[PDB]
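Q: The structure that follows is given in the form of structure tokens.
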Amino acid sequence: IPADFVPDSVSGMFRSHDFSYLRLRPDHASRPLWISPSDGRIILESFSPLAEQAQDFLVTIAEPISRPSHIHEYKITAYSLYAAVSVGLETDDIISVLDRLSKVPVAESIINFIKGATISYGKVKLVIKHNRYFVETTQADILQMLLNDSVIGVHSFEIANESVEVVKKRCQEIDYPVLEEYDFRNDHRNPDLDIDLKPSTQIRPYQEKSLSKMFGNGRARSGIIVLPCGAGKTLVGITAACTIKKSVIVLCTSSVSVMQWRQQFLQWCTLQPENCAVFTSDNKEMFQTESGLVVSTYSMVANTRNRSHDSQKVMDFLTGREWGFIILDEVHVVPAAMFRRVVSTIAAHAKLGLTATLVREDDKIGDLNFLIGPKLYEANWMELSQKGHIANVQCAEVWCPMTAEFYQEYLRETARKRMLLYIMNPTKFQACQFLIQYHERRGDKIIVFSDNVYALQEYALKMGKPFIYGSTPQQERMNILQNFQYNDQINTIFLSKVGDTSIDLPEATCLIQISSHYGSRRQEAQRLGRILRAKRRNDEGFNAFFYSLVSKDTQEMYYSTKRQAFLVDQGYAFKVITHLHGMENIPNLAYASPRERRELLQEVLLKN
Amino acid sequence: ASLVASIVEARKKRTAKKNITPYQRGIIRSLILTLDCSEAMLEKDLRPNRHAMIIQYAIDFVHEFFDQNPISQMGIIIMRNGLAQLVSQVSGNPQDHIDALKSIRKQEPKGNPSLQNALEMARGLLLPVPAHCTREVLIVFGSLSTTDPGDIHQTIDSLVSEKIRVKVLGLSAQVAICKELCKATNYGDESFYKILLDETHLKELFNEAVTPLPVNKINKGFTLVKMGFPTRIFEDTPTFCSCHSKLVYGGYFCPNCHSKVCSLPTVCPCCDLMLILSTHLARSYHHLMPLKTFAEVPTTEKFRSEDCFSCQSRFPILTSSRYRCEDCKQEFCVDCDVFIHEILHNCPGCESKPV
Amino acid sequence: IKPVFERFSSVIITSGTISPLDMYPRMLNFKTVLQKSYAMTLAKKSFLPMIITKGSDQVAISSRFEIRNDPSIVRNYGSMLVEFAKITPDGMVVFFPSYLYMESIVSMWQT
Ligand SMILES: [Mg+2]
Ligand SMILES: [Zn+2]
Ligand SMILES: [Zn+2]
Ligand SMILES: [Zn+2]
Ligand SMILES: [Zn+2]
């Protein structure tokens, strides 16, 4: 507080929130920045100068809380300041630029926070010499304090691979973080891989920014890069591999993703299909070349329950290979306990994380700081939406009025079956039937998401068009997928948690949700990203269409609000629709007669 | 530093309007706007699409043309699917063509253009037109090509022989055949094949096309024309009209054959003679009596007055915004300069100054 | 050129697209009295050259006979051929390096 700040009569609910004690600079017209020192928040104008230069700086040193079109709510965090000094930045420069572009005097607590969040950059480093995690620090000053720490037990010494994660968490805790910047040009102990950036690949500007933020020194800075759906994370990884030119391993959490990224990699880089050996229960071949790649999903390394000897040979081979680069695509699942064996198993130097969503239910997402590193780059979602790099969606949330026909049983149903009982409302069937009619009238490919296989198959059978879920085999689901894509008999399909994420299905510009998870925001966000990567995200007059059929009179409204609040905070609003269009103009309605409603009620009473 | 750019832009603008001339300009006009409604104007490339904005701008063009020059008839023929379709005969009532254009609103633009067919039937529609009427056609075009049944050059020669001019407002860029049309029809002038740069420029171009055009000395048709002022009645009884054959409370009465009509400025249906009011003929007198431009006096020199002569406001003070009417030796503000030069058509300083 | 040069002295060698000037006396044993060019004293820009190093999908293109039957390069070539055809008002010309290269690529765009 640069004032006396005598408490105002209107500042009672302003529990240290009345931010008028600051002496506002007369350059408030030009400068775009406020500071909120009560919570560390930052208030940023979208209509004053210096904001274009300050946007990347605020992303680097701060995190945004909320970014609508008019005012961006940012927040300096120690995580973001560590990311800033890891990119290469410092407290004094941050304070100087902040006072240069700030309308307001710089707060003492913020000054102290940025002073504290300055790391020993360059002091603590680790290298791998013949699959051995050598902790090579620049001084014995590091060795004294680290041996002063009880966990541990120029100059380089060994720390065990499972102990590497624990000691990385510990050194982050004592705020002595390690930078992992591989000198792949200087290191020739690893086999260099003759892969070249083909002229057929040219890079987007924000992707070039993402590379150069972690290629500022020419070394590969290890961390996270968060890019939206369809941004070209495969292209970014291909460019990083081609400019590293070493043995590289990338694991993604689907065998379909294994197939698709293997063909993407052999397409847009000069690595050879001989050098790429694909590992799965389809085939477990190995490449015998000095340099190349072996791809598998996380399952064929995590599992030890039912493993083949050829799988054992392959995992032995990858254990033997000292890789120079690792990318954990869809990094939201690898910090799970059966999945966080990556450092314990794979000897790889540079650790990059590419994913769409950097959020989850628990705090395992912050473990990537001592698993792979901080966020090296992020692309602004609404900026790419207006840039056409991702889509523009007219989301329409459908508040289906609850039928008492199903509510009478739903209220007296037990808890494990209440969910399946209120998913299956005949009014919801009626609304879905007219919505499918109306969007096939508009000529839009529609994908329907249900959390339950029986509800998915019942909706699919009432449509007369097939279903795909997690228990459907791969051959049947791809047959149904190609039937949907090319065959005009299959105009719409019925997808599930194999369709929510980790697939490339951007044709469906229309999406209707009949069910979802209880509170998993990431499933809903990935379902939105399924159509955010749509092909017609660039044409004029485009707005994608998202629909969520949710039953009234439940907790499902609060559930959907919880699942949607991340997208609302992103900028993907959820508009209110209760009275739909064309409710009786459709002649035939699914389970329209009350006898039909009681029929479906006792049909689902057979299970519930 | 924006005022220097505004000043040099005003200088480069005023270099074109330095020469103001009292050319003989056509009053008995004959304007045709043909419309293409093809696949090209289905592009949403300009918001919302080219078809919608040309519809709206044509509405405005009809209004402006009938307001400024009510002494002409207006015909519109649409182009669609390799056929040119007449939708609006030449008429004195703009409302007919307004309704026709409203029909054109809801229908769908599609097909390919044929300037040969379009201009040929435009010629045929322009055939039974009296000598004093100035036959001229506005053409809008969005294609870069034209499918045609036969030659265009015979049509060009015939149009030149029949003393009809054209002006092309192309959409995308220049088309060489349209340049050839404009040049050969327009005595070698290149001031008729115009391409917009945005929708505001299109608006300005339409406003430019509203104005009457000068005529040539060699194209001499100086004659008289018979005219008749009618008389309006306000009768108690409804009476049958001659034109639409229905009961009318009021209506003008024919000065010659004493019939009655329903609208003006129109020709008689019975004695077949044109009927107007003196307001209608005086409407173009600003074109007949143009206004000289007003000069800003320089900021360095001594000033006759420091506040505006006409609107009575203080002149603002780097440069001097005192637009002087040399015909009345009074300086004025920019707002009054704009209003007198565009909306008004007289200089009140010259009204006060006795001659 | 030896009969020419040794039979006539007042011989003028000039063109519009000769560059570099010295390479022709390099390749042919002759010398000239002065070697200079002329710059374009242009009031405003009238010619706009572009170097297309990449297709619509940021994919590079080349005319190499080995990679000649590449369908993606075909797709790019036909792509901007179509685009320039759509935006070209009056007249446009295409210059391939070889006739066989044409015959192949035109027959399969015909496909
Ligand atoms: Mg699924
Ligand atoms: Zn009448
Ligand atoms: Zn009469
Ligand atoms: Zn004035
Ligand atoms: Zn005057």
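All residue names refer to the structure tokens as shown: chains lettered A, B, ... in order, residues numbered from 1 in each chain, ligands numbered from 1 in order.
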Name the residues, by chain letter and number, that sit within 10 Å of ligand 2 using only C-alpha atoms and all ligand atoms, and give them as a VMD selection string.
A: chain B and resid 239 to 248 251 260 to 263
Q: Write out, as a compact mmCIF listing (two decimals), in the first residue's frame, the residues just selected, with N, CA, C and O atoms.
A:
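So the final result, stored in again_39.txt, reads:
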# COMPACT_ATOMS: atom_id res chain seq x y z
N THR B 239 -62.79 8.84 -58.11
CA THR B 239 -62.92 8.85 -59.56
C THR B 239 -61.98 7.83 -60.18
O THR B 239 -60.87 7.64 -59.70
N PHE B 240 -62.43 7.21 -61.27
CA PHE B 240 -61.60 6.26 -61.99
C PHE B 240 -60.37 6.94 -62.57
O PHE B 240 -60.45 8.01 -63.17
N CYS B 241 -59.22 6.29 -62.42
CA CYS B 241 -58.00 6.78 -63.02
C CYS B 241 -57.83 6.21 -64.42
O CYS B 241 -58.37 5.15 -64.75
N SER B 242 -57.09 6.93 -65.25
CA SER B 242 -56.85 6.45 -66.60
C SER B 242 -55.82 5.33 -66.60
O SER B 242 -55.94 4.36 -67.35
N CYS B 243 -54.80 5.46 -65.76
CA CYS B 243 -53.68 4.53 -65.81
C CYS B 243 -54.06 3.17 -65.24
O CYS B 243 -54.02 2.16 -65.94
N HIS B 244 -54.45 3.14 -63.98
CA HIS B 244 -54.68 1.88 -63.29
C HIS B 244 -56.15 1.50 -63.23
O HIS B 244 -56.46 0.44 -62.67
N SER B 245 -57.03 2.34 -63.77
CA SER B 245 -58.45 2.04 -63.93
C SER B 245 -59.12 1.73 -62.60
O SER B 245 -59.72 0.66 -62.41
N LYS B 246 -59.02 2.66 -61.66
CA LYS B 246 -59.58 2.44 -60.34
C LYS B 246 -59.90 3.78 -59.69
O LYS B 246 -59.39 4.83 -60.09
N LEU B 247 -60.76 3.72 -58.67
CA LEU B 247 -61.35 4.92 -58.10
C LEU B 247 -60.33 5.67 -57.26
O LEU B 247 -59.64 5.09 -56.42
N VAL B 248 -60.23 6.97 -57.51
CA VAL B 248 -59.24 7.83 -56.87
C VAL B 248 -59.95 9.06 -56.33
O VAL B 248 -60.69 9.72 -57.07
N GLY B 251 -55.97 13.25 -57.45
CA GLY B 251 -55.33 13.07 -58.73
C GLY B 251 -55.17 14.35 -59.52
O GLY B 251 -56.04 15.22 -59.50
N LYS B 260 -57.22 12.22 -66.12
CA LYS B 260 -56.58 12.26 -64.82
C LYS B 260 -55.58 11.12 -64.70
O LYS B 260 -55.69 10.09 -65.36
N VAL B 261 -54.59 11.34 -63.85
CA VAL B 261 -53.52 10.40 -63.61
C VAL B 261 -53.42 10.15 -62.11
O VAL B 261 -54.20 10.68 -61.33
N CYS B 262 -52.43 9.36 -61.73
CA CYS B 262 -52.23 9.03 -60.33
C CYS B 262 -50.87 9.44 -59.79
O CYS B 262 -50.73 9.57 -58.58
N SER B 263 -49.87 9.65 -60.65
CA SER B 263 -48.54 9.96 -60.18
C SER B 263 -47.84 10.90 -61.15
O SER B 263 -48.18 10.99 -62.33
Q: Using only C-alpha atoms and all ligand atoms, find each residue with an atom at most 12 Å away from ligand 4 and format the answer as a tab-separated table (two decimals) with N, CA and C atoms, in the first residue's frame.
A:
chain	number	residue	atom	x	y	z
B	306	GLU	N	-11.92	35.85	-37.55
B	306	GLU	CA	-11.41	34.74	-36.77
B	306	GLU	C	-12.48	33.74	-36.38
B	307	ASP	N	-13.72	33.95	-36.81
B	307	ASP	CA	-14.82	33.03	-36.56
B	307	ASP	C	-15.64	32.85	-37.84
B	308	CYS	N	-16.38	31.75	-37.92
B	308	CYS	CA	-17.02	31.36	-39.18
B	308	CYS	C	-18.13	32.33	-39.57
B	309	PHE	N	-18.14	32.69	-40.85
B	309	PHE	CA	-19.07	33.69	-41.35
B	309	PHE	C	-20.50	33.17	-41.36
B	310	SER	N	-20.67	31.89	-41.67
B	310	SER	CA	-21.98	31.32	-41.93
B	310	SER	C	-22.58	30.63	-40.71
B	311	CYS	N	-21.91	29.60	-40.19
B	311	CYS	CA	-22.47	28.89	-39.06
B	311	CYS	C	-22.31	29.66	-37.77
B	312	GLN	N	-21.49	30.71	-37.77
B	312	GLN	CA	-21.18	31.55	-36.62
B	312	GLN	C	-20.59	30.71	-35.48
B	313	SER	N	-19.39	30.22	-35.73
B	313	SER	CA	-18.58	29.59	-34.70
B	313	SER	C	-17.13	30.02	-34.85
B	314	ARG	N	-16.38	29.90	-33.76
B	314	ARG	CA	-14.98	30.28	-33.74
B	314	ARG	C	-14.15	29.34	-34.62
B	315	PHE	N	-13.30	29.93	-35.45
B	315	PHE	CA	-12.34	29.13	-36.20
B	315	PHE	C	-11.33	28.52	-35.23
B	316	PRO	N	-11.08	27.22	-35.30
B	316	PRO	CA	-10.05	26.62	-34.46
B	316	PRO	C	-8.66	27.04	-34.91
B	321	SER	N	-8.35	26.93	-40.78
B	321	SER	CA	-9.48	26.24	-41.42
B	321	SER	C	-10.54	27.20	-41.93
B	322	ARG	N	-10.14	28.19	-42.72
B	322	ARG	CA	-11.05	29.25	-43.15
B	322	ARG	C	-11.26	29.16	-44.66
B	323	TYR	N	-12.23	28.34	-45.05
B	323	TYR	CA	-12.52	28.12	-46.46
B	323	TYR	C	-13.22	29.34	-47.04
B	324	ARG	N	-12.55	30.02	-47.96
B	324	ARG	CA	-13.01	31.30	-48.46
B	324	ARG	C	-13.77	31.15	-49.76
B	330	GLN	N	-15.77	35.73	-48.42
B	330	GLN	CA	-15.98	35.37	-47.02
B	330	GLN	C	-15.40	33.99	-46.76
B	331	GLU	N	-14.77	33.83	-45.60
B	331	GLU	CA	-14.21	32.56	-45.18
B	331	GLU	C	-15.21	31.80	-44.32
B	332	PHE	N	-15.15	30.47	-44.38
B	332	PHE	CA	-16.12	29.64	-43.69
B	332	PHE	C	-15.42	28.46	-43.03
B	333	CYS	N	-16.15	27.80	-42.14
B	333	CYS	CA	-15.64	26.61	-41.48
B	333	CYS	C	-15.79	25.41	-42.41
B	334	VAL	N	-15.17	24.29	-42.01
B	334	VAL	CA	-15.22	23.08	-42.83
B	334	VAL	C	-16.62	22.49	-42.86
B	335	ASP	N	-17.37	22.59	-41.76
B	335	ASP	CA	-18.72	22.05	-41.72
B	335	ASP	C	-19.63	22.80	-42.67
B	336	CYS	N	-19.57	24.13	-42.61
B	336	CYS	CA	-20.35	24.95	-43.54
B	336	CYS	C	-19.89	24.75	-44.97
B	337	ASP	N	-18.58	24.57	-45.18
B	337	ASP	CA	-18.07	24.31	-46.52
B	337	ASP	C	-18.67	23.03	-47.09
B	338	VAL	N	-18.71	21.98	-46.27
B	338	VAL	CA	-19.28	20.71	-46.68
B	338	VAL	C	-20.76	20.87	-46.98
B	339	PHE	N	-21.48	21.56	-46.09
B	339	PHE	CA	-22.92	21.66	-46.24
B	339	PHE	C	-23.31	22.50	-47.45
B	340	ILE	N	-22.63	23.63	-47.66
B	340	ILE	CA	-22.93	24.47	-48.80
B	340	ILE	C	-22.51	23.78	-50.09
B	348	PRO	N	-24.67	31.81	-49.06
B	348	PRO	CA	-25.35	32.92	-48.39
B	348	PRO	C	-24.52	34.18	-48.32
B	349	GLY	N	-23.19	34.07	-48.33
B	349	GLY	CA	-22.37	35.25	-48.48
B	349	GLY	C	-22.61	35.95	-49.80
Q: Residues within 10 Å of ligand 3, counting only C-alpha atoms and all ligand atoms: report them as a list in words.
A: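 Based on only C-alpha atoms and all ligand atoms, ligand 3 is surrounded within 10 Å by residues 228, 230, 242, 253, 254, 255, 256, 257, 258, 259, 260, 261, 267, 268, 269, 270, 271, 272, 273, 274 and 275 of chain B.
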Q: Show me which residues sit within 9 Å of ligand 1 when counting only C-alpha atoms and all ligand atoms, and put them as a ChimeraX atom specification.
A: /A:449-451,467-470,472,494-501
Q: Running DSSP on the backbone, which parts of segment 292-340 of chain B land in helix (DSSP H, G or I), as a list in words?
A: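 Secondary structure check on segment 292-340 of chain B, helix (DSSP H, G or I): residues 334, 335, 336, 337, 338, 339 and 340 of chain B.
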Q: Using only C-alpha atoms and all ligand atoms, which protein or nucleic acid residues are at most 9 Å from ligand 5, as a ChimeraX atom specification?
A: /B:292,294,324-331,346-353
